[PDB]
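Each residue takes its place number in the sequence, starting with 1. Basis for what follows: all heavy atoms, side chains included, without hydrogens, waters or symmetry-related copies.
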Amino acid sequence: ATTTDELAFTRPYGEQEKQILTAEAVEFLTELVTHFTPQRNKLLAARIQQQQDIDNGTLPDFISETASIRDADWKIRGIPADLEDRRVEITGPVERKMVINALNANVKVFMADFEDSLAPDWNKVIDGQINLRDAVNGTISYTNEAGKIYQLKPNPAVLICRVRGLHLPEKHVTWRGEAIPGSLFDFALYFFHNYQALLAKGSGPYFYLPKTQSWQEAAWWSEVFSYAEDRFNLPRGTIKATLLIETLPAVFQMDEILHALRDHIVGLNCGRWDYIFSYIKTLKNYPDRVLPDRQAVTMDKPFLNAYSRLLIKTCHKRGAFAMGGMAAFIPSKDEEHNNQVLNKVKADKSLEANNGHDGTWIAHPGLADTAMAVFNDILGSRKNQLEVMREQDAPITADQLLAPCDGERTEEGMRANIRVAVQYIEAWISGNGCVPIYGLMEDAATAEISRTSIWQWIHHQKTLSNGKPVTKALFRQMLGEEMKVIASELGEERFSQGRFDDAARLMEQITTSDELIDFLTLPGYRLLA
Ligand SMILES: [Ca+2]
Ligand SMILES: [Ca+2]
């Protein structure tokens, strides 16, 4: 085999690729890939070894050797001015119109997403980079079929780019015959095309990093960032990252993650769906760790509240932000439904603010004013809650973080999981990873917890609360039944115009396999061009 330090490209070099994959951009991307891919692959291999040790009966806990880091005083390098107030952030797709609408929402920050809310078609990743570049440059515009123009308002929200996670390939660009890391593709191009303009306007190249499992993974990101900074003669810490704590292994390494990424990190986030998905994957072989209906596994449950409290305390100890979770409701024409939704949003955001979270997430601009009002009210004149140390809290232990919550495993819950996951998958395979389903803007994590919970119940041969043993055969029976429900809900036209048979097949494949696959996006990505 050759010792090449060059990349190969599988798609035609058309007008879009000519904009984004310029000679200079490709040179830089090549350098990152050859310098950092081997270590990235070693990190993926380390994941396997760590998981095996957990499977083999040793539960995760804090790291003994790094005690001196945790029990020392130190803080992150710093937070730039435009990241000191992040009380509400909106998330969404890198599609052109959606970028404009999000930047125009009444929020502090827009996280443009190449990750869970994107089905990573080549055209969509390339268009996404085009869109974000136009957004940074302030020229982004869109005119719809009806002739209505969309443009940026004055003072749009601060832009942050969420990259694909460490496990994901970008199959259309290869090094030594293997797909390069999507993480490097997404990071390299957003940074390269935008760092100059961002810095010139008083902002900076900002990233969201998903699905981290270890401090060593944080260290690798720090090296990537430092490499990028050095290459363009930027001072250390110019690139700023916010890092989701949304895997079980990561909750035991928050302080080490902050330390490893100290030059660049500005905050951590709580999640729900990815976290409990990870809980099940991590504890997959443990008969005493079966979670009930994921619908009932709410953030106020003891293990999730402990997670929340530990994350806030840890972040504030180090001067980093501690971001709360997602309210993904989509307002409807039903004002009564809307009142109930807004009451729920108010209750949930108030819980987060009262706990000390510096900010929170929404998926739809229609929730901005409500979420903002909760945080405005509780913050008073403060920009954030960095001073809230939670020093009154008792220590938080591994036992507490690992304790499965009370609840029932219900047939209604199982059926709903099937309907939501199938409809999510149908859209994803059709190129849409940000999917309105039953009044919620769903991303891949929802499909993940849905399939993973069912897998868990099958694996450990658990009964539903009505006494029915959960089996592959029961699942398959229910799948067929729920497909008919979906058909009735959507109507014959939409159902026939869709990819529901292909979606049901992928669902069955990922749910009924003996081995619990890590991510549905891996087999799913095979279905994309
Ligand atoms: Ca081993
Ligand atoms: Ca997530």
Checklist entry - Do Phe191 and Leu198 touch side chain to side chain, with heavy atoms closer than 4.5 Å? => result no

Next on the checklist: Can a side-chain donor-acceptor contact be found between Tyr208 and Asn269 if the only test is distance below 3.5 angstrom?
Outcome noted: yes

Next on the checklist: Under the ring pair (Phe, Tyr, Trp, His ring centres under 6.0 Å) test against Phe232, which residue among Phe28, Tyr227, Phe225 passes?
Outcome noted: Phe28

Checklist entry - Restricting to pairs with a member in residues 416-434, which pass salt bridge (charged side-chain N to carboxylate O under 4.0 Å, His left out), not counting sequence neighbours? => result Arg419-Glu482, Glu426-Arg494

Next on the checklist: List the residues meeting salt bridge (charged side-chain N to carboxylate O under 4.0 Å, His left out) with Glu31, not counting sequence neighbours, and say none if there are none.
Outcome noted: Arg231

Item to check | All pairs passing salt bridge (charged side-chain N to carboxylate O under 4.0 Å, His left out) where residues 199-211 contributes a residue, at least two apart | outcome: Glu115-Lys211, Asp116-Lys211, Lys211-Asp274

Checklist entry - Hey, does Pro120 have a side-chain heavy atom less than 4.5 Å from the side chain of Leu528? => result yes

Item to check | Heavy-atom check, side chain of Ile429 versus side chain of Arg505, under 4.5 Å | outcome: no

Next on the checklist: Tell me if a side-chain donor or acceptor on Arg382 pairs with a main-chain N or O of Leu379 at a distance below 3.5 Å.
Outcome noted: yes

Item to check | Heavy-atom donor-acceptor pair, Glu95 side chain to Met98 backbone, under 3.5 Å | outcome: yes

Next on the checklist: Testing the basics here: between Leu199 and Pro205, what is the closest heavy-atom pair and its distance to 0.1 Å?
Outcome noted: CD2-CD, 4.1 Å

Item to check | Residue pairs passing the side-chain hydrogen bond (donor to acceptor under 3.5 Å, both in side chains) test where at least one lies in residues 239-250, sequence neighbours excluded | outcome: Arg86-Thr242

Item to check | Ring centres under 6.0 angstrom apart (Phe207, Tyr190) | outcome: yes

Next on the checklist: Once salt bridge (charged side-chain N to carboxylate O under 4.0 Å, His left out) is applied, do any residues pair with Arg309, and if so which ones, sequence neighbours excluded?
Outcome noted: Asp393

Checklist outcome for this item: By side-chain contact (heavy atoms from CB on, under 4.5 Å), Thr298 pairs with (sequence neighbours left out) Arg272, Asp300, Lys301

Item to check | Donor-acceptor side-chain pairing of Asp113 and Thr91 below 3.5 angstrom | outcome: no

Checklist entry - Side chains of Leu83 and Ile160: does their closest heavy-atom pair fall under 4.5 Å? => result yes

Next on the checklist: Listing request: all side-chain hydrogen bond (donor to acceptor under 3.5 Å, both in side chains) pairs with a residue in residues 355-371, at least two apart in sequence or in separate chains.
Outcome noted: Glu89-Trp361, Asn106-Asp369, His316-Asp358, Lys349-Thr360, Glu352-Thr360

Item to check | Flag, side chain of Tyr13 to backbone of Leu21, donor-acceptor distance under 3.5 Å | outcome: yes

Next on the checklist: Any side-chain to backbone donor/acceptor pair from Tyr525 onto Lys171? Under 3.5 Å, distance only.
Outcome noted: yes

Checklist outcome for this item: Those residues at least two apart in sequence (or on a different chain) that pass side-chain contact (heavy atoms from CB on, under 4.5 Å) with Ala112 are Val94, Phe110, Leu132, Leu159

Checklist entry - Can you list the residues that meet the side-chain contact (heavy atoms from CB on, under 4.5 Å) rule with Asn354, with sequence neighbours excluded? => result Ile378

Next on the checklist: Is a donor from one side chain sitting under 3.5 angstrom from an acceptor on the other, for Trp428 and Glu442?
Outcome noted: no

Checklist entry - Sub-3.5 Å donor-acceptor pair from the side chain of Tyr424 to the main-chain atoms of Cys434, do we have one? => result no

Checklist entry - Which class fits the ring pair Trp220 and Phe36: parallel under 30°, tilted 30 to 60°, perpendicular over 60°? => result perpendicular

Checklist entry - Quick check: does any side chain N or O of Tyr275 sit under 3.5 Å from a backbone N or O of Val251, one acting as donor and the other as acceptor? => result no

Checklist entry - By side-chain contact (heavy atoms from CB on, under 4.5 Å), which residues pair with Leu168, not counting sequence neighbours? => result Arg164, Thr521, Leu522

Item to check | With sequence neighbours excluded, residues passing salt bridge (charged side-chain N to carboxylate O under 4.0 Å, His left out) with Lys124 | outcome: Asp121

Checklist outcome for this item: By salt bridge (charged side-chain N to carboxylate O under 4.0 Å, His left out), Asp85 pairs with (sequence neighbours left out) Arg87, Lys108

Checklist entry - Have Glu489 and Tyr438 got a donor and an acceptor in their side chains that come within less than 3.5 Å? => result yes

